[PDB]
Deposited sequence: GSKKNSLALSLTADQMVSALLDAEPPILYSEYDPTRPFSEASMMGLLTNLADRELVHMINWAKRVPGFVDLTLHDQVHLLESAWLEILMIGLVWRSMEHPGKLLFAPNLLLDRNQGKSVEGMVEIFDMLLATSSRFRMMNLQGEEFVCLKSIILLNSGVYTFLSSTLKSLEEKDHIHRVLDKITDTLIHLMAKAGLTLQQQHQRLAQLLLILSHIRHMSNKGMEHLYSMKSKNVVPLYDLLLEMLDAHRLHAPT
């Protein structure tokens, strides 16, 4: 967990990955079926099981929607102007949240976000929304290595890591707007 290397952290994350399911009622039914596979992914995040049930519940209640959003943004990346809710539910341009989702998707695309970098971002969201901080520092370590072992200079590595984490503020912002609509 705190002893895992960069490669091992990515391997545990890429293999923890939930499947892509198929389909407001249609989106609610999709989101409910996605919840169950998210719980399974979360129990496979290194360090997450080393927390008590109530801390795990607290982290999932806060992160749930941002986790749905980031996966949606990722799977929609190679479909500009469209949100791929499911392979059978690709929606063209609550529309307030949708344009933000599209902008996050454009941003991730022009940055050329990698699958290994994505799964790292998903994990941080779950943990950020002493042990928790040590694991986050390990995910920070995991992130820099992928950029280092991609041909980026130490300056470009800190710049990409900044840009990536600043997108999480925008992801937090969309989840708040989403939670406002639901309640």
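Positions of the deposited sequence absent from the coordinates, in order: 1-7, 31-43, 114-121, 158-173, 228-254.
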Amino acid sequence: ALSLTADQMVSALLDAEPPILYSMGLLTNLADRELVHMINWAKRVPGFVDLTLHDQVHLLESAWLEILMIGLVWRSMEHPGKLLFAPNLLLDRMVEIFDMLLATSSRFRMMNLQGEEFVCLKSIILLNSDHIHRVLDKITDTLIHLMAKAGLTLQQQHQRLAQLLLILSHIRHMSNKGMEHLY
From here on, numbers count along this sequence of modelled residues.
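Look at the mean CA B-factor for 27-35 and for 146-154 in the entry; the higher one is 146-154.
Of the two segments examined, 135-143 and 45-53, it is 45-53 that shows the higher average Cα temperature factor in the deposited entry.
In the deposited coordinates, the residue among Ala103, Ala86, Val73, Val95 with the greatest CA B-factor is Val95. Looking at the C-alpha B-factors along this chain, the one for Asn176 belongs to the lowest third. In the deposited entry, the Cα temperature factor of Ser123 sits in the bottom third of values across the chain's modelled residues.
The PDB entry assigns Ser62 a C-alpha temperature factor belonging to the middle third of its chain's modelled residues.
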